[PDB]
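Respectively, the protein sequence lines represent chains F, E, B, D and C.
Using the authors' numbering, the letters of the first sequence map in sequence onto residues 221 to 534, 548 to 629.
Using the authors' numbering, the letters of the second sequence map in sequence onto residues 221 to 534, 548 to 629.
Numbers in the authors' numbering are just positions in the third sequence, counted from 1, shifted up by 397.
Using the authors' numbering, the letters of the fourth sequence map in sequence onto residues 221 to 386, 388 to 535, 548 to 629.
Using the authors' numbering, the letters of the fifth sequence map in sequence onto residues 223 to 535, 548 to 629.
Beta carbons are placed, not taken as given, at the ideal position from N, Cα and C, and that holds for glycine.
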Amino acid sequence: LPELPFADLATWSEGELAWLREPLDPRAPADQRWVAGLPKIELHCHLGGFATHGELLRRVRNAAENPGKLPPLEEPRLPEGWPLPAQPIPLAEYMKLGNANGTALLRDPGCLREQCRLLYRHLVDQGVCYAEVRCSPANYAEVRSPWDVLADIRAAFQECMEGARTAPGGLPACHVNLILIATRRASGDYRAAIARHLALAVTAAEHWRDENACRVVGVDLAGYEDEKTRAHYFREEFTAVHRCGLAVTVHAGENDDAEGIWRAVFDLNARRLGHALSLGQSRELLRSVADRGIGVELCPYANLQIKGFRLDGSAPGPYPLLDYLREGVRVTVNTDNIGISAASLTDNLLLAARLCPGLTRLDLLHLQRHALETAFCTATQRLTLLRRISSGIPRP
Amino acid sequence: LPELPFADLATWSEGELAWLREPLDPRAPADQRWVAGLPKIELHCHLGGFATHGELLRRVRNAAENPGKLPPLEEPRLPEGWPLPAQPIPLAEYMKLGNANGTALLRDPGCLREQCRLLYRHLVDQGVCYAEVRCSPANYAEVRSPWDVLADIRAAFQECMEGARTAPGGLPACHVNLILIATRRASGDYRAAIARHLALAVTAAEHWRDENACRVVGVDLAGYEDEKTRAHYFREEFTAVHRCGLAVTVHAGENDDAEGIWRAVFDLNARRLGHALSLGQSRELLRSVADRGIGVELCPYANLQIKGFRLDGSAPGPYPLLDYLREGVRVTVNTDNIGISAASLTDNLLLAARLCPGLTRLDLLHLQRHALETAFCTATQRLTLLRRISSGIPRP
Amino acid sequence: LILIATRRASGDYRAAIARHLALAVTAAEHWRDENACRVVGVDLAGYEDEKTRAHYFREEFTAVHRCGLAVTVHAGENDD
Amino acid sequence: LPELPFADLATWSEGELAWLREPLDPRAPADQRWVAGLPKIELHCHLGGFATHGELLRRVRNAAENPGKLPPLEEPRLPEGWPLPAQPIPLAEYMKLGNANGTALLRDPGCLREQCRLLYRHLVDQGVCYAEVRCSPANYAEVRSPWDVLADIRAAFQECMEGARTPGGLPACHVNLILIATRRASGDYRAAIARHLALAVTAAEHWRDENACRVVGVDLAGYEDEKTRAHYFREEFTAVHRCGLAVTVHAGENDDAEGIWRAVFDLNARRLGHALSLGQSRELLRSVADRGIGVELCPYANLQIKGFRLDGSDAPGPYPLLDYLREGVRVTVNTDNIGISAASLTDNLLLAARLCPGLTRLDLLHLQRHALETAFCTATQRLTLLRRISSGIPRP
Amino acid sequence: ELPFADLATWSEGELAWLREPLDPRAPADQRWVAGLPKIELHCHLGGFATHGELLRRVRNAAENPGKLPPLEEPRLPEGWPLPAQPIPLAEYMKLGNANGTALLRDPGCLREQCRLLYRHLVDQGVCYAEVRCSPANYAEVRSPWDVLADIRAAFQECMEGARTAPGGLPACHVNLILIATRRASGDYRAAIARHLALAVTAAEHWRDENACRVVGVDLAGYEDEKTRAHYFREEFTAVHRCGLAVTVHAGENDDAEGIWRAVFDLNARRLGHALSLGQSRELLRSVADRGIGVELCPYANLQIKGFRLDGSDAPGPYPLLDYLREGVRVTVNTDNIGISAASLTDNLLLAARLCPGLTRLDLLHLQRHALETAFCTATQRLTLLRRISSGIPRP
């Protein structure tokens, strides 16, 4: 009782609690429907990887403003049993798998709004109550300016949000915010690109201030740390940017070095970390991360497809999800890429249950609580989401 | 009910909850009985200001190993109505008010051990379950070395621990940790002083690694932070400290400019702020402090005696406690100096209730939760203390 | 157009400087036609915020140069 | 005659004067006996390589307190004609040779005490009147804190000191301590350097007696993966300087002049390890000669590792000892690893005479005087040692 | 434990006499001191002849007399050699306005001043001196390089002219140390840079080890508040690689922080004055251990800061005996020969008067410290050691 993640669960029966304290069977239809009915919070999503195959690609391509400029349709072929491949693949082919929708197709003003609407519809269907889409406006800007792209994205999302307007008390069904990732065209001076990125983020944060609408809530740090020079440059940029009220998230990608995480935590003053699955090899770092309160984001399907991992209990190591939960770190489960990985949030949760045996049903609510506590919203929205999630859990 | 500060309160009578929601009456004997029996947590206590007057001074004085060099007995005269002085006084006189117990009396090992025993007995009488005592081993060492003084202090407190040993599961009644505060004699080269202090803290942290005994848990960047010289001295020395596994708790002093708090938060990587009564004039700083999760320590009696404030609804502004609680800042109530201010934790809480009208009884539990969350213990200790406080709340 | 700093040094002046330069850079990138009004430079007036509290954050002013903005400095009182 | 190293030699007449300026014969038993009785000073000795083979290893192994976990006895086989090998061997092989005594055997208090006693006895037997032993307490500590290891070492050496007590009440041989960095480059090196420096500072503060064992200086070397680490050391070594500790730098592989410049003028070193290539830059040699920095040379170790031509048979250049002495540099002769190299101080001096033809006995006396002048003792101890050395010289 | 080795060949009574307190007023000791070989390390060229006949001799050797400033000798205060009240440093500087820039902007005056200074140094019995000068001061039309070349040429001409016979070497070897300029009106950085560049170029130009050479620079006190912070960095780190020595003058205030910074950041090898070192034991121990010399001028210290004399009577006792006991390297110099109106012998005698109980062995100890602290080379060090050890007069 005293260690219950939510307070409403104290009104459940003893048998219901006993059921809740049992291992979860991922192949049971009842558990599938139960997980499907759960309200969820999503924190690691990419706008440029939503619809890369199937009917949705046709629907997106059929709404272009200039049909004569559309590139020819060429769907890449997925590897053997792509949802659960038998061999890990390098990141290059994983990125290449989504070449049918991205920079090539999102340069038409018509396609962008339709993609945003389809993503919002999918998010509403999944039952998510709060999401933070990540986009790079400069990529989809050749004849227009990045500000125009950002304004178009914000307008489309806000129009959808006002259009839905369900009744949890008059609020919209799903609140959506924005995070600005870096750019990929790092051929010229990366100093100019990073400066333009940060300046655009600051100006966008200042321009929109209404607390019940889309707001650029924080910058993303792709890092791309080829050399220490970027570390110094955006260290100074963050000495500039911390005063404007913007959150910082750092993606810990390849080689997952401990020195990089130390520098990111104690010099860039980050509040969330991306992936970074190698943390149990240094007790000091794990303890510091646990006590300070920095959240950690994990994507089951993407990690399995890229790095490769043991499944169903049968040389990759075990998935470090149960260890983090036992130690007290704040871990979350996200979808990363929806179109490339071809898996929704529910499938991600069930697969994460598969990777770590013995995961109980209470741990899903613990993950939701951690995601709620690690978000980038305000206190009023935090209490709102707490009330919503506390009273939405379906009983067995 | 979803915004409850605990989980045991769920199974409470509706009349009990309504009573909990009512404003607190500070002059009611029943409320005094209720606040007396509460389990408490203390985070701001000084060893050098425990017994500066009365029979305790006599008991400490007589227990000296070598009474030959005891300074002549003279108890300083307290000002008029010292519990609630009519007019503010500067901090210097407040410091001299406790000149009969300190450097002079503690240079004898027997006096040090007796004072430690008496402080532990007083704390266990007050009912606190976990306290953090600040001490400066340097000032109590003239012929001996700082290491000997620290070892003596640790041995005395651990002996009291292993003597008490109550039965919540075999654990002692009150856990006690140590925080090393910088020395006051700023006559010699301050670089050597701060270097010796930091090295002693690091070595003491390394030596004692047991998780169920007294151990140094953090350092204190005190007033002699060299803020005059080039905005302190960057982060050169602390870069070592953070990796070793120590905590930093900056103490805001006079003036209290926002720039100092900004630098302490974002350059010292601190986790707790001392006093800092002026935070409502800058919205950005308040929002950042609330979002990151940095705790704030407040002492009502000391603030009233030194700074001076209006009381019971009758130029300083209103006490910034209710505003901090509403905005989400993690505030705590402490005692600062027990003997100099002539007050305990219970009297401090009652005076805090008097200072801000309309303070409810629920906010006391909110303050206790905030104090518990921002302590310097481990996850297992945190869970044990949380269960203890949850099960120790007396019903009306 | 040239963007000078502001007068109200009430809040955090560093935040004001950062917002000033961010607005300048974004406006410079937004309008790029060479036959229309466009932000052409900034004025680090008031000596940024005077050497009393700001001196010269040289490492801060290395982004405006790469983005193609000119810098004008006002010499006010004293003029050492 | 003003060029005489000591005043006592001014009454030593024509016979001894003539006998002194002649080249020393290393194969004459009379010369060997004369060298044997000379008072000596040692400045480069390692505690971890004293007893590695033979009966001494047997005695050290026998005098243990937990024989149940003593690693099995295994002696690595020495290379061909090991005292004087015919071909140089790499440093890694040199380290591999002494694996019979080190981190394995010395994790037991009895073994450590026996090793200290045996080293003191051997040093007394040779005739050394002042030595500085380098040790790394962090290595010999798995279940004990480094402070316990340091206390054990100091207590053993002080007990032996007080036991000997032979020249006006002073002990037979004075011994001090120098803290050398560790070997395990697995964890963050920042933590290791911080712990090393803090332990050095605290140990220097604790024992302040002028007539007992005491930590006299830190070895600021053994770790130069990136010299930017040494740059951070430049940032934080003000502490160790102001605390009053000496600095010694070991320059081994490559031995670039830039590193020597940085060590001399940025780390403020007072002694240099090895550094066999200094005549290739006349400005550096002039600076080193003028400032007064000392240079440590180990003949047997340099011959075994780097390789040099004996008896002037002519390829690395000739041994730079004579040139260094002629130019004015302060060069000393040490044993480095007594056990692994299997050679005492007398053997080292005789081999130094053999390596560089034309060396005289007055040069040996000059070497001893330089070693005395470069030591890390105090002025009173300096004068006492000078008197003892001057009085102790035997006539042929 | 004797400063020199030749002293071991003296009779027992001579050593017993040498181990007795020195009487500064006995006519016997005054003649013994005057015959000792001496080493000078703190002398200024711009303050040598400022009063009396020497000023007239310098003035009568000008090249264009039509622009010579009119005669005006400043009036000395009450009992100038030994005043009753210390005077401020500024007034001390004003006392020697009869000589300096005004009279030394003439080439012939500079030549005659150099020759007279050499004559005086030879007369006093000095065997090695290091004159300090600031060539930027005496340059209104000619460049500083011309002034430096003229000074060096005059000194080398005198050195070759004397050429006595201790083994073919000159009677007195003279080197040069560059001082920062005084016209603190223009840009600070420009003056510092020109000073250092001139020093480096002069060091490179002259390399013969038997002639006048620029041996080091003086980094005085041109560093005030934040100039102090910034200048104390890489720009002084370059000159170490260039191959020069650095001496720092610590005058007024004399806070321990400045001495710490000078020792451990400027890598100095000599400290000027710095009479307050016993207030911080760690600093004194570090200075004694590293081997940095300290320069003390008795007459100037007494006339500026004021001090107790003859054991009688708020400045404390002179910190000369204490520094000697603690192991520091201490030296006795003349500072200004014209303003203070005293020579090396008088300075030594008054140093004996300042600290009662000073024996005759400490004088030779001071000479040994001066020899060990100088900026010569190893060959010169050995030659000077041999010269000094074979020149001490027996009682």
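Segment limits, alpha helix (DSSP H) that includes residue i
i, result
"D251 (chain F)", "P249 to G257"
"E223 (chain D)", "Counting along the chain, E223 (chain D) falls outside any alpha helix (DSSP H), and DSSP gives it neither H nor E."
"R559 (chain F)", "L555 to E560"
"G625 (chain D)", "From DSSP, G625 (chain D) is part of no alpha helix (DSSP H); its letter is neither H nor E."
Three-state class that DSSP yields for residue i in the structure shown
i, result
"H395 (chain E)", "strand"
"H264 (chain D)", "strand"
"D580 (chain E)", "helix"
"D228 (chain F)", "helix"
"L531 (chain D)", "helix"
Supposed close pair residue i, residue j - CB separation, criterion 8 Å
i, j, result
"residue 547 (chain D)", "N397 (chain D)", "This structure gives no coordinates for residue 547 (chain D). The numbering of chain D moves from 535 immediately to 548."
"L558 (chain C)", "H599 (chain C)", "7 Å"
"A230 (chain D)", "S623 (chain D)", "Their Cβ separation, rounded to whole angstroms, is 11 Å, which puts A230 (chain D) and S623 (chain D) out of contact at 8 Å."
"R354 (chain E)", "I399 (chain E)", "5 Å"
"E334 (chain F)", "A283 (chain F)", "4 Å"
Any chain F beta carbon closer than 8 Å to residue i
i, result
"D409 (chain B)", "yes"
"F529 (chain E)", "no"
Any chain E beta carbon closer than 8 Å to residue i
i, result
"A496 (chain C)", "no"
"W482 (chain D)", "no"
"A472 (chain C)", "no"
"residue 544 (chain F)", "No coordinates are present for residue 544 (chain F), because the numbering of chain F runs from 534 directly to 548."
"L391 (chain D)", "no"
"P259 (chain F)", "no"
CB contact check: residue i to chain B, cutoff 8 Å
i, result
"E504 (chain E)", "yes"
Residue-chain proximity (residue i, chain D), Cβ-Cβ < 8 Å
i, result
"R450 (chain E)", "no"
"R404 (chain C)", "no"
"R492 (chain C)", "no"
"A227 (chain C)", "yes"
Residue i - containing beta strand (DSSP E), residue span
i, result
"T469 (chain E)", "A467 to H471"
"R241 (chain F)", "No beta strand (DSSP E) holds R241 (chain F); DSSP gives it neither H nor E."
"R563 (chain D)", "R563 to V566"
CB contact below 8 Å: residue i versus chain C
i, result
"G500 (chain D)", "no"
"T386 (chain D)", "no"
"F486 (chain D)", "yes"
Residue ranges of each beta strand (DSSP E) within the stretch 582–621 of chain E, 3 or longer: none
Can you list, in chain order, the stretches of the alpha helix (DSSP H) that have 4 or more residues and sit fully within the stretch 267–315 of chain C? 275–281
Identify every run of the alpha helix (DSSP H) within the stretch 402–461 of chain F, keeping only runs that are complete inside it and at least 4 residues long; order them along the chain. 410–427 and 448–461
As an exercise, report each continuous alpha helix (DSSP H) stretch of at least 4 residues that is fully enclosed by the stretch 313–391 of chain C, in chain order. 323–326, 329–346 and 366–384
Jot down the residue ranges of each uninterrupted beta strand (DSSP E) in the stretch 459–526 of chain D, minimum 3 residues, whole runs only, in chain order. 467–472, 492–495 and 515–518
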